[PDB]
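Have a look at the structure below, then the notes.
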Amino acid sequence: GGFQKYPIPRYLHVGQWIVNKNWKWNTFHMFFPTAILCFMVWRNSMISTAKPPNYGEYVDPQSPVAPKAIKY
Amino acid sequence: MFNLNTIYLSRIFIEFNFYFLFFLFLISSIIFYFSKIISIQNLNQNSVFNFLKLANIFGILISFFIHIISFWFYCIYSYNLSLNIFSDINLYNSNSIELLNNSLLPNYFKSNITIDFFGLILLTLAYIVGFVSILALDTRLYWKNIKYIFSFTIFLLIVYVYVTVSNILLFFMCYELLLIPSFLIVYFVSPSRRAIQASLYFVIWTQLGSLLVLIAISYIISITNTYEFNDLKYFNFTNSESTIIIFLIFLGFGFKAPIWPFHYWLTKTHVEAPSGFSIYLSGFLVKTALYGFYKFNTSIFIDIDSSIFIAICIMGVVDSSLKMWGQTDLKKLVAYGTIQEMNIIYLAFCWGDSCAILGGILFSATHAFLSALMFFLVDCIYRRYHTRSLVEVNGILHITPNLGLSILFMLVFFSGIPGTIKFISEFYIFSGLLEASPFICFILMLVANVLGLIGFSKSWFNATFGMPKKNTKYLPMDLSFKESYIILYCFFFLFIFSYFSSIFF
Amino acid sequence: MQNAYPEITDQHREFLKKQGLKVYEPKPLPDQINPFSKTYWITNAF
Amino acid sequence: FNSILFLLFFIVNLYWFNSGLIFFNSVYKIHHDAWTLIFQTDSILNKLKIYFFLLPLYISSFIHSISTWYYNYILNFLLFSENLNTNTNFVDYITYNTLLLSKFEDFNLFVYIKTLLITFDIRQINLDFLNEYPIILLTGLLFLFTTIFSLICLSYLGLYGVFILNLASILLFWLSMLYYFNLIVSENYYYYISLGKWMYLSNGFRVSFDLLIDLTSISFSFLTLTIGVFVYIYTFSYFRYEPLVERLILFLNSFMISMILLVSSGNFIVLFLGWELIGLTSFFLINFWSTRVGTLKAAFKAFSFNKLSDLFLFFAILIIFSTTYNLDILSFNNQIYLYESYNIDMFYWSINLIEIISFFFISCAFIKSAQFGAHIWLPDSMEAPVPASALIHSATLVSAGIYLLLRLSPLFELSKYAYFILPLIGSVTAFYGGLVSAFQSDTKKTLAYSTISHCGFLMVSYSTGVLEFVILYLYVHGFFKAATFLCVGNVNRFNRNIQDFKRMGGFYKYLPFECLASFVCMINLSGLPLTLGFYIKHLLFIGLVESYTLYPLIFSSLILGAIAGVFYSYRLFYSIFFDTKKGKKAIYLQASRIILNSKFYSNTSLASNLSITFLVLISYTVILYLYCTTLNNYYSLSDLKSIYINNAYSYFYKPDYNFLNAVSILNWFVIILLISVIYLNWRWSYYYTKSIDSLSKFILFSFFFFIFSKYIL
Amino acid sequence: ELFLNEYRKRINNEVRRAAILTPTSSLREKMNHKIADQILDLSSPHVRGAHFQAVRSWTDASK
Amino acid sequence: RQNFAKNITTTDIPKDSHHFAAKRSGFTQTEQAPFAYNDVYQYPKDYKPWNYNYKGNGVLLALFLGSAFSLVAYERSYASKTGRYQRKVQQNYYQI
Ligand SMILES: CCCCCCCCCCCCCCCCCC(=O)OC[C@H](COP(=O)([O-])OCC(O)COP(=O)([O-])OC[C@@H](COC(=O)CCCCCCCCCCCCCCCCC)OC(=O)CCCCCCCCCCCCCCCCC)OC(=O)CCCCCCCCCCCCCCCCC
Ligand SMILES: CCCCCCCCCCCCCCCCCC(=O)OC[C@H](COP(=O)([O-])OCC(O)COP(=O)([O-])OC[C@@H](COC(=O)CCCCCCCCCCCCCCCCC)OC(=O)CCCCCCCCCCCCCCCCC)OC(=O)CCCCCCCCCCCCCCCCC
Ligand SMILES: CCCCCCCCCCCCCCCCCC(=O)OC[C@H](COP(=O)([O-])OCC[N+](C)(C)C)OC(=O)CCCCCCCCCCCCCCCCC
Ligand SMILES: CCCCCCCCCCCCCCCCCC(=O)OC[C@H](COP(=O)([O-])OCC[N+](C)(C)C)OC(=O)CCCCCCCCCCCCCCCCC
Ligand SMILES: CCCCCCCCCCCCCCCCCC(=O)OC[C@H](COP(=O)([O-])OCC[N+](C)(C)C)OC(=O)CCCCCCCCCCCCCCCCC
Ligand SMILES: CCCCCCCCCCCCCCCCCC(=O)OC[C@H](COP(=O)([O-])OCC[N+](C)(C)C)OC(=O)CCCCCCCCCCCCCCCCC
Ligand SMILES: CCCCCCCCCCCCCCCC(=O)OC[C@H](COP(=O)(O)O)OC(=O)CCCCCCCCCCCCCCC
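As structure tokens, then:
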């Protein structure tokens, strides 16, 4: 199926047929910290999220949340 | 809540950083001259060349840190000064605060320091680009040109006086001082034999524009005996005098900041100059001309149509973009890119003191960093692969993956992706030009960002990709830590400077 | 700033309330999202 | 120095401290201000008793006072600010704060510990919280950071590590997307998220990095992500035993996230960023075979076209910003009608503002959707590996123009240029792609030209102006095109990278799963009667407008393109699988050896088969959900935020005899073409006479069966 | 000039708020009010959005 | 070229002297003389040339302390801008 494997120089930092013995722990220590970083980013961004009203809700035109035109 | 302490700290930092640099240079020069009978390197581990290199590098770096602090102090000071002037409306009250000078160090050239955002941006560019170029020139300085280790310190001092002075004559003299060190570097440090002729072309082409600017300065000084750079408010030049001054100023400063057709010297010098000095030239030495043009044209009142100057700038952009395709030499291709970016920047200054200056300043900064990145990549390619020609170089990525990745990311940044000061500057300039002349804006954008971009990308992609089957015994290894971190710092600045305070942009 | 939408009457508001509609009202940030919350800082420490 | 003794002492101290806290709380409640009168009584015996019985409280207060003193000192040292509230000496401060016990008035150790424990409790999370705050962002960031960090740290993550990490991230992202798909499409849920103030774009302007998860965004996002999950699962088998599988996987993930960002863009700046990112990542995928310079030529062709599209998009955005001092998508959509009447003074002509803006947008959309003239790069982009080709050609790269039109529909509704150009170019592209695909001989080229034809049909559907029909067409085409691409990829891998079916024959037995999967996928893709893909073309012809000046050419091209599907589907399937064996003897012999006979025997991958099966099942389910939402009697689709009503649904709800009989013309054209491709003989065979006889039998039996069904019953 | 640009930015933000809060039905009906008139009245001649120079006579600058 | 001294005194160079051995008997009349120095570089086990091999907490501590200082400095700055000795946390915070 694939091409025949050929030697790769040791000194060269290349990805040809690279397999790591400790890939399980590497994945463990690369996934969870990334998940925590994304959780922090998500909770930071949720402060500036906007959603339309729900099914049973209507926006009162005179409420502060309702859009307001500029007053010269 | 702004207080006089911040004002005095800003002024003291600005004044004392210059003397820090000057004392470092003076001590290093005294040591160099009085340690040896003949001022050349002793080829041994105990040479003074190591001490001089250390002193220059970590004087520039520490002065750069102090410059960061002083620039931040200046930003706060200028913002609060504008607030103090603007806020109060009572007719009896007026902001008249007078500052007394320190008694520790004197005022260099008996001049009171005045600092602006554009000047400090130029000074920051000087610091960073000088640091990169000095890091590059280590392999070039050997045993008879070690005296040129101080060239960047001399450049820093000249630029410091250039940007922290309110005197027209001192301004012009600082602008004109830059020629000698640059010519000496190109003449004595350039490996290629064609550098000898390239240096002469550089000198003559730049000196023609220097003479033009000298004529303009003579017109201003002889007519207006003032030199304070602010008394010009009370003197108005007639139409003929004003048109002569603007023409002379534009042509003279465009000789330095390459414009069509005056870029033959730039191409020659970039091709035949040291790879470490090309970085400094393109990054910084062509923007002192822009700063001087801005100062003079905003000080003088001009009642002429700028269509001719805009046409010259646009023609330069178009010419460089069209010629990009036909260059197999990476250094010459980067030189054409520099010409294109500089012409766009110069075009940004063709509407006097309008809002185009902000885009021009931002584009000057991004072009400095981008040109430094590109010339450093060319330097790495030439130093490890002993050629900088597309025909002789191919498949860089497969033997030096980091270098190929750097080339690819350099191309992406050059394309002007959002999130980069390059994109921000393009947005500023094109947003203004669309209303100024939409058809001209379309032509400029089309040419520069399609035809020139494709010509630029063809050579770099061909070099990066392919299969390096030739001379397998002589293939290099990879980038070093120094080169890798320089590339990373260029990328980091290009990305993060977009978060700089928007008050000044 | 001034109201942009056309005004409605309190009688109309009461009619809508009887019909069963509710007035849209922004809700406070939950303790997990609130950055000034003991829950938020406990999460940070953990 | 015993751990057991330390633990026992700690537990005893905890119990004593808790009891003291409860006692102090009760006494403080009773003696809010008079508690000191008994706590700090001058009596030596009482003082000693109180100190002994509240030692845990006193030691805790002393530790708290010391910590607060040191913290205040640190803050003063760092900030050059004030004193510790006052200038109290160390001894006075520490004594006062240690004697003071009111700090424990509302503090209970057990309650505090219980609160700390329940803070992390996951039982609390509810659907209502998820509905209020979208977790789509959390998972998309997870996928993005996983891809970026996996690219950087390749040595740490081997082949298996990269695969598993990205698989987990992408699965989580897809599950969250699936959860929110139901709410966004039908429940009228959409979110506008902002990450921060990205950049300054004027003297006092600053655009924020905002995302818009609306129906328009989710329609593309869920399709791309669902296709990408199975393409990702399939790639590990297609690039099996290749030097660089991690690179291909990470490139695919990068392209997916770039397209997701583009579709779910909150403002034109984010849209342009996503545009450039998909262009760059598609370039990398096409140029995956970096060693070859032949691949670089196709990559550079695609790069040049993408840069042209970027120019057009950038110029359009600049025009919009100059007109309205805003880059928000919602604001632009709701404001463009006011400025519709405006004109722009260009070199020597006064161009209508809407017309010029729509011209640039349509130009970039055509370039990225591979319409006629600008499609030249798509056939050459097939140099990419089959997974990359499937992802780019199904719903990721070739649907960018469709997304642009759908998102900025209010602009194009008032565009004369759009009205004239979308149907004509769409129909011409449909006809051209269909016929070229029918006459094509290579599998990937056939799929590419079919993609061009379907993009033309999508343009014509948008011209008709039923966004629901456009979305349905997009979903059907994307799913089934991706599935067919995966099947042909397996076929090519078996045939040793020979993509032409002139060297393919009798592969039905060697690739049993591929044969049947390709049959289903192709009958659905090529609009054929009694298939899920017939309704998209039916609705397109229902909605086709008739006021065009070039209506004759438009309609004829549409008919020819629609019929062209049958020929390419038949040729591909039959030539690949059931034709005479045309391939090299080695291909068959190497796999026909008896030694290989085993329960594990297969010429494809089990993971690949499962991925294709699940993709087909999920595509069927999602298409059925969309059909129920839109084409049902009860219309339950979410708001499209467009005020242009086309009246096309009238001929879907209450069609008239004229239209009902008109559709029969195309139906019978397809029937005759099917009969031709089936019963037509091009080569001598032992079955020539019997084939003619079978045709006669079929004709006569069809006539009699119709007679009995209609009249005799 | 920055203040007029700020007016334009604020009205654009209010339009975005209206779009998110109000469904497409009645959205244009409610926008055909003070808000639409202000959007048009804050056009390029009156506010310098991104143009290099706001061409103002000395009387306009004084105002 | 390089002129620095190889034999440093800050530390002793890791080396292995057993990989290469010098012949000292059984020579012939045509064989060249052996070599005097036959020590080879020996790397520490568990050294991975493909990463930084950095095991110190100095950089992380410096970055974390900088971030914490920035946080507290911003807190104090906000209090000063609001004209209070400390932040006045509100009872409810809304999206914005
Ligand atoms: C070989 C390179 C070649 C380069 C030249 C070529 C260039 C072009 C081609 C490029 C492609 C080719 C090269 C790539 C392959 C390299 C292969 C290789 O070398 O493998 C080894 C390499 C190193 O790993 P290793 O060798 O196994 O071990 C190293 C040590 O063990 C680690 O020791 P440690 O554990 O003690 O860590 C020390 C420290 C690492 O120390 C440093 O790197 C010093 C950094 C000093 C500051 C410089 C500016 C930083 C700007 C932001 C970027 C941060 C750096 C991350 C890298 C860039 C982004 C990808 O780690 C940290 O603490 C990370 C925090 C950094 C944050 C600093 C922020 C400063 C202020 C920035 C501006 C304001 C931001 C406001 C944000 C507000 C809230 C959002 O592989 C990696 O691990 C790759 C890491 C990639 C970055 C991701 C991890 C860090 C994430 C930080 C936070 C950001 C994420 C989201 C946070 C969300 C919450 C806020
Ligand atoms: C699209 C383009 C994409 C391009 C990028 C693609 C991705 C590229 C990925 C690959 C490259 C990047 C990621 C890997 C980087 C390398 C990470 C690594 O681990 O390398 C190992 C690398 C090599 O390891 P090595 O050979 O062992 O060298 C070690 C170093 O020389 C030194 O190590 P050390 O252990 O000796 O630590 C030294 C440390 C020493 O650390 C410490 O001292 C901390 C602990 C003491 C705390 C103070 C205690 C005082 C009281 C005493 C208490 C008792 C003692 C406590 C300490 C006990 C000992 C632990 O000193 C410092 O760090 C000085 C910094 C001071 C200024 C800044 C921080 C302070 C701010 C202000 C604070 C104010 C509040 C505090 C006030 C305090 C009182 C005044 O070491 C480092 O990580 C050094 C840091 C810099 C590394 C290079 C960073 C490159 C970043 C590139 C960013 C590019 C961004 C591009 C963005 C593009 C966006 C479009
Ligand atoms: C604070 C928030 C998060 C902060 C994170 C910031 C991340 C910034 C960007 C990091 C980019 C890292 C690139 C690493 C490349 C490593 C080399 C490699 O992959 O192999 C090169 C391959 C082969 O490399 P190789 O195998 O020869 O060598 C690998 C090992 N080294 C390099 C160390 C020797 O060569 C190529 O052909 C070049 C391919 C380049 C592909 C780049 C694709 C990037 C796609 C990113 C998509 C992100 C979407 C963002 C969406 C949101 C936008 C707002
Ligand atoms: C009228 C007053 C005139 C004043 C004239 C000033 C005389 C300056 C003489 C310089 C002599 C330099 C060599 C000193 C011996 C070095 C011995 C050594 O290497 O052992 C390691 C020891 C100690 O090393 P360490 O291992 O302890 O490292 C810590 C270093 N310090 C102490 C600085 C934190 O000496 C040094 O490291 C000193 C290095 C000196 C060179 C510094 C070069 C950078 C640029 C500054 C140079 C001086 C210019 C003036 C200052 C800048 C401008 C304000
Ligand atoms: C591009 C050429 C090749 C590169 C080298 C550059 C050389 C040229 C540099 C620019 C010189 C200025 C040209 C534009 C002048 C515009 C004003 C003008 O003259 O209009 C009539 C002006 C403007 O008139 P006006 O009509 O606008 O208003 C005044 C009208 N009256 C007087 C009637 C009331 O009229 C004059 O007063 C005549 C002035 C003539 C000055 C010409 C000589 C200038 C000498 C100094 C510069 C010499 C530089 C030489 C450098 C070396 C060359 C090798
Ligand atoms: C005149 C009446 C009005 C209608 C005007 C239009 C007339 C019909 C035009 C039909 C054009 C069809 C072109 C198909 C090209 C397929 C190319 C291909 O893939 O290779 C050949 C494939 C076979 O591929 P193959 O791989 O099996 O073998 C190929 C063999 N060689 C290369 C030697 C040819 O398919 C065919 O051969 C079938 C096409 C030929 C037969 C066409 C019959 C047309 C019948 C028209 C019926 C009209 C009904 C009335 C109503 C019509 C209007 C509504
Ligand atoms: C239907 C979606 C299907 C797909 C879901 C995929 C998983 C998504 C990630 C989990 C949910 C995270 C958002 C929680 C929202 C929330 O706060 O919801 C609210 C609840 C509390 O309810 P209240 O705030 O309403 O009182 O939050 C919690 O209970 C927080 C406990 C932790 C929740 C998981 C955190 C995941 C992040 C990584 C943790 C790493 C731990 C350490 C590893 C070494």
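Sequence order for the protein chains is A, B, C, D, E and F.
Heads up, the first sequence is in our numbering, so the first residue is 706 and it goes up one at a time.
Heads up, the second sequence is in our numbering, so the first residue is 1160 and it goes up one at a time.
Heads up, the third sequence is in our numbering, so the first residue is -19 and it goes up one at a time.
Heads up, the fourth sequence is in our numbering, so the first residue is 190 and it goes up one at a time.
Heads up, the fifth sequence is in our numbering, so the first residue is 38 and it goes up one at a time.
Heads up, the sixth sequence is in our numbering, so the first residue is 1487 and it goes up one at a time.
Ideal Cβ placement from N, Cα and C applies to all residues, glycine included.
How long is the line joining the alpha carbons of residue i and residue j, rounded to whole angstroms?
i	j	result
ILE660 (chain D)	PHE766 (chain D)	33 Å
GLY761 (chain A)	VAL3 (chain C)	9 Å
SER539 (chain D)	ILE533 (chain D)	6 Å
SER1556 (chain F)	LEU390 (chain D)	27 Å
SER616 (chain D)	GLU657 (chain D)	19 Å
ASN681 (chain D)	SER874 (chain D)	29 Å
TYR423 (chain D)	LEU1294 (chain B)	48 Å
Taking the DSSP output, what are the residues bridged to residue i?
i	result
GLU762 (chain A)	C:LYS2
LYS386 (chain D)	D:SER397
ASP631 (chain D)	D:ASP689
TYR380 (chain D)	D:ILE402
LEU273 (chain D)	D:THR275
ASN532 (chain D)	D:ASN541
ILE1418 (chain B)	B:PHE1421
Do residue i and residue j have their C-beta atoms closer together than 7 Å?
i	j	result
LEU1593 (chain B)	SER511 (chain D)	yes
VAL1476 (chain B)	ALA1607 (chain B)	yes
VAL866 (chain D)	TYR759 (chain D)	yes
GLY1575 (chain B)	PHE1568 (chain B)	no
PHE1468 (chain B)	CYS1509 (chain B)	yes
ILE416 (chain D)	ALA780 (chain D)	no
Taking a cut of 7 Å between CB atoms, which residues from the stretch 1562 to 1575 of chain F lie near chain B? Cβ contacts with chain B come from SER1566.
Tell me which residues of the stretch -19 to 13 of chain C have at least one Cβ-Cβ distance to chain E shorter than 9 Å, keeping chain order. Per Cβ criterion, the list reads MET(-19), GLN(-18), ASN(-17), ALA(-16), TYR(-15), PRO(-14), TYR4.
Interface positions of the stretch 1554 to 1569 of chain B facing chain A (Cβ-Cβ less than 7 Å), listed along the chain: Closer than 7 Å at the C-beta level to chain A, one finds these residues of the stretch 1554 to 1569 of chain B: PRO1560.
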